[PDB]
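Taken together, the values in this text are just the output of simple stated rules run on the coordinates, not laboratory data. Heads up, the Cβs are rebuilt from the backbone with ideal geometry, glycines too, and the neighbour counts pull from every protein chain shown.
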Number of protein chains: 2
Amino acid sequence: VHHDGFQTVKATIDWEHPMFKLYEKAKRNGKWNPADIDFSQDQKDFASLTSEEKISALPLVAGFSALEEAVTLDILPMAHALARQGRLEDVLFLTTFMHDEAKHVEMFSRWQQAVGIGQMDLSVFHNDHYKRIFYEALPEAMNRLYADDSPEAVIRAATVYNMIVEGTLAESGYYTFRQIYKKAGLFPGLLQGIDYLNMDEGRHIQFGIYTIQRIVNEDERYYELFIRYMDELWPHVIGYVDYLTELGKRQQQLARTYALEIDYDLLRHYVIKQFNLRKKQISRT
Amino acid sequence: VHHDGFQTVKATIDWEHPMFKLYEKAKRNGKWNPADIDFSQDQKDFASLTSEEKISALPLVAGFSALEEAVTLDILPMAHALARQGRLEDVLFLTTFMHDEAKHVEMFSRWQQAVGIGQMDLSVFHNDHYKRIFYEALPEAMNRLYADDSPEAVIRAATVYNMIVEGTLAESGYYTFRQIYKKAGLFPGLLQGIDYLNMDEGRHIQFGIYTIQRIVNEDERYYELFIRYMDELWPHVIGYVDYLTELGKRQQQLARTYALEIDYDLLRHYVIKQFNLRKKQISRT
Ligand SMILES: CCCCCCCC(=O)O
Ligand SMILES: CCCCCCCC(=O)O
Ligand SMILES: [Fe+3]
Ligand SMILES: [Fe+3]
Ligand SMILES: [Fe+3]
Ligand SMILES: [Fe+3]
C-alpha cells in the first residue's frame, strides 16, 4: 500500500516524542557487542563441572535462548503496525529494540558454542507451560497485529511481550543468574552478557509501559483489559517457575559444591514481585 | 503462527553464514550517531546563501529524506518473509539494516532542522517519476512479501529496493552531493553524514546481491526476471534524473557563485554506470 507522504519531507521528526528520546538513549547505551565478550573462563568453568553440576545450568540457558530468538522474530509485527499508523518515532526506537534482541540471541548462542554444548539440543527443558507462552501465545498476540491493530490488540501484544515475557520472566531470570552463578564466581562472560541484556531490557519495558499507557489514557476501560491479560498468563508463568524449581531441587550438586543456599522461595517471590510491580506501572487514570 | 523450534536451542547460529558475517561487520562499522554531527557550520552556510542559491540544494534533500523514510518502513516485510523461512542469520543482519535506515532518516531531518527548513514542505520536488518508484512500486514490491514469498517476489523486492533505490539512485545521489557541495566547501556536517550513509549502503547492496544471487543459483531463469525488473524501472530512474537536471539547469546561481562547472552529462553517465554495474554483479550462472 502506497505512501501518501513522508513526515521528514513535510516536517521533521518530533524531537520531543518519548520514543525518539528512548531511541536516542538506545544509541548511546547500546554499543555493546557480544563478539567482544571473553568466554574462555566460561569454557574452563563448564569443563571443570561434574556431569551433574553441568546439567544444573542448562534449563535456564534453554529458556533464555528461545526467549531471545522468539522476541527477535516476534517484534516485527509491532514495528509494522506502528509504522502503518504513521508513528515514525516508535519505529525508529523499535529498530534499536529488534537489534538488541539479535545481540541477545547471539550472546547466548556464543556461550553455548564456547562451553561446548552448541551441538546439544536443549528443547527438553521447555515444559508445557513454557511452550504455551513462547511457542504459542507470544507469536499469536504479535502476529495478530498484521490484521488487527485495534487498541485491544496492541495492549495485549505489549502485555504478553513487554510486561510478561520481558518484564516478568526475563527480569527474574537475570536476577536468578546473579543469585546463583555470580555468587559462585562461575561463568563471568555469561554474566557480563546478562548485565548488558538487563540494561537493554529497561528500554524494552519502557516501550511497553508507554505503549500500554498511551492507550489506557484514551479509555480507562482498557486498564481492565491489561490486568485481565496479565492474570490470564500468570498460571503459565508460575507453572514454568515451579517446573524449573523442581528441576533445581532434584539436581543440587552444583548448589552443594559452591556453598550456594539457592533460595527458591525467594526466587519465587521475586517473580511474584515483578509481575505485580509491572501492573503498578500502568495507571488506570 | 507457532514456533516449532528454536535454532539456538536445537543448535547454534550458523557462524559461517555470509549474512552472519555481514551482521558482524555492521556492528563493527555501524557505530556512527547522527546526533554527534556538528551542523553549526551548515546553518551558517545555508543562511549565507541567496534565496536562489538556497533553492538549489533542496530537491536532492527532498529526494533523499523520503528515500530514507520509505526504506526504513519498507524493509520490514523482507525481514518478516526471511524470518518465516527460518533464515535466522539474514534476520540478524537485517536488524542492522533497519537501524541504519532509521539513522539515515534522522540525519537528513536533523540537517533540515538545523539549517532552518524543517517547517518547509519539500514534497514539491517529487515529480511523477519519483512518486512512481518511492510512493508506489517500492512499497508494492516489499508489501507483496507478506502474502507471496516466492523466489520471483523476493527477487523483485531486492531488485527494486537494493539494486535500484539504493544501488542506483542513492549511490548516484552520494556522488552528486560530493561533486557539488564538497567541491564548494559547503555543508560539512551534511557531507560527513553522506560519507557514513555511503558506508552503510555497501552492506545494504551486498544483502541484495546475496539475496538475488542465491535465488538465481537455484534456477538460472531467474536471471532474466532480474534484468527485466531492472529495465522496467529505468524509465522512472532516468526521468527523475532528467527532472532534477532541468531544475539545476534552470537554477544555476549556486553553480556560478562557487565556480562549479556542474557536469550534468557526467552525473547522468554515473547513474547509467551504476545501473549497469548492478546488473553485472548478478551472475546468470
Ligand atoms: C527460579 C526460576 C525462576 C526464574 C525465571 C526464569 C525465566 C527465564 O529463564 O526465561
Ligand atoms: C544529477 C541528478 C542525479 C542524481 C540522482 C539522485 C538520487 C536521489 O537524490 O535520491
Ligand atoms: Fe532480550
Ligand atoms: Fe527484550
Ligand atoms: Fe539509507
Ligand atoms: Fe540503504
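Here the protein assembly as shown is described by how far its Cα atoms reach on the three principal axes: 82, 59, 40 Å, from widest to narrowest.
The calculated FRET efficiency for the pair B:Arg84 and B:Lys182, based on their C-beta separation and a Förster distance of 51 Å, comes to about 0.75. In order along segment A:181-196, the Karplus-derived 3J(HN,Hα) couplings, from 6.51 cos²θ - 1.76 cosθ + 1.60 at θ = phi - 60°, round to 7, 6, 4, 5, x, 9, 6, x, x, 4, 7, 4, x, 4, 4, 5 Hz, and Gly and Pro are given as x. Multiplying the residue separation of A:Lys21 and A:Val124 by 0.36 nm and subtracting their alpha-carbon distance yields 33.0 nm. With the label put 7 angstrom out from Cα along the Cα-to-Cβ vector, A:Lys31 ends up 0.5 nm from the copy partners, going from closest to farthest.
Chain B versus the axis that turns it onto chain A: the residue with the nearest Cβ and the distance in whole Å amount to B:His99, 3.
Can you give me the orientation-averaged projected area of the convex hull built on the Cα atoms of segment B:163-285, in nm²? Taking a quarter of the hull surface, the average projection is 7.7 nm². Note on segment A:2-34 and segment A:85-131: Cα centroid distance 23 Å, given to the nearest whole angstrom. Placing a label point 7 Å from the Cα of A:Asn198 along the Cα-to-Cβ direction, no residue of segment A:257-281 has a backbone N closer than 11 Å.
Would you mind ranking B:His17, B:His104 by Cβ crowding within 10 Å, fewest neighbours first?
Ordered from fewest to most neighbouring Cβ atoms within 10 Å, B:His17, B:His104 come out as B:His17, B:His104.
Checking every one of the chymotrypsin sites (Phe, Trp or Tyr not before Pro) in segment B:104-150 against DSSP loop status and a limit of 16 other Cβ atoms within 10 Å picks out B:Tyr146. Restricting segment A:210-242 to GluC sites (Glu not before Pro) that sit in a DSSP loop and have at most 13 other Cβ atoms within 10 Å of their own Cβ leaves A:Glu218, A:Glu220. Output the 0 to 90 degree angle, nearest 10, between the alpha-carbon long axis of helix A:51-74 and the longest principal axis computed from the alpha carbons of chain A. Roughly 10 degrees, rounded to the nearest 10.
Cα-based Rg of chain B per 2.2 N^0.38 Å, rounded to two decimals?
This ratio for chain B stands at 1.05.
Using Cα atoms only, what is the angle between the long axis of helix A:222-250 and the major principal axis of chain A, expressed in degrees (0 to 90) to the nearest 10? Around 10 degrees separate the two axes. Output the 0 to 90 degree angle, nearest 10, between the alpha-carbon long axis of helix B:18-29 and the longest principal axis computed from the alpha carbons of chain B. The helix B:18-29 is inclined about 40 degrees to chain B. Size descriptors for segment A:114-228 (Cα atoms only): Rg and Dmax, in that order, 17.1, 52 Å. Counting from the shortest, the label point at A:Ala147, 7 Å from Cα toward Cβ, is 1.2 nm from the same position in each remaining copy. For segment B:1-62, the set of GluC sites (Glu not before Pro) satisfying both a DSSP loop assignment and a count of at most 16 other C-beta atoms within 10 Å is given as B:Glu16.
Here segment A:176-193 is scanned for amide nitrogen atoms under 16 Å from the site 7 Å beyond the Cα of A:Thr245 along Cα-to-Cβ, giving A:176.
Inter-copy label distances at A:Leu277, shortest first and taken from points set 7 Å along Cα to Cβ: 5.6 nm.
With r defined as the distance between the Cβ atoms of A:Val1 and B:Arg28 and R0 fixed at 41 Å, what FRET efficiency is calculated, to the nearest 0.05?
Values: r = 36 Å, r/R0 = 0.88.
For A:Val1 and B:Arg28, the calculated efficiency is 0.70.
Listed by chain and number, the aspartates and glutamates placed with their C-alpha closer than 12 angstrom to that of A:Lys31 are A:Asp100, A:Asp200; residues fewer than eight positions away on the same chain are left out. With the cut-off at 1.5 for a/c, could you classify segment A:55-143 from its C-alpha gyration tensor as rounded, prolate or oblate? Oblate, since a/c reaches 1.5 and b/c is not below a/b.
Checking the Cα-Cα distances for A:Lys27/B:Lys103; A:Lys131/A:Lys280; A:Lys182/A:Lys280; A:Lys25/B:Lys103 against a 18 Å cut-off, the pairs over it are A:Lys131/A:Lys280; A:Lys182/A:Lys280. Placing +1 on each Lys and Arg Cβ and -1 on each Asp and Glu Cβ, with no other charges, gives chain A a dipole about its Cα centre of roughly 520 debye.
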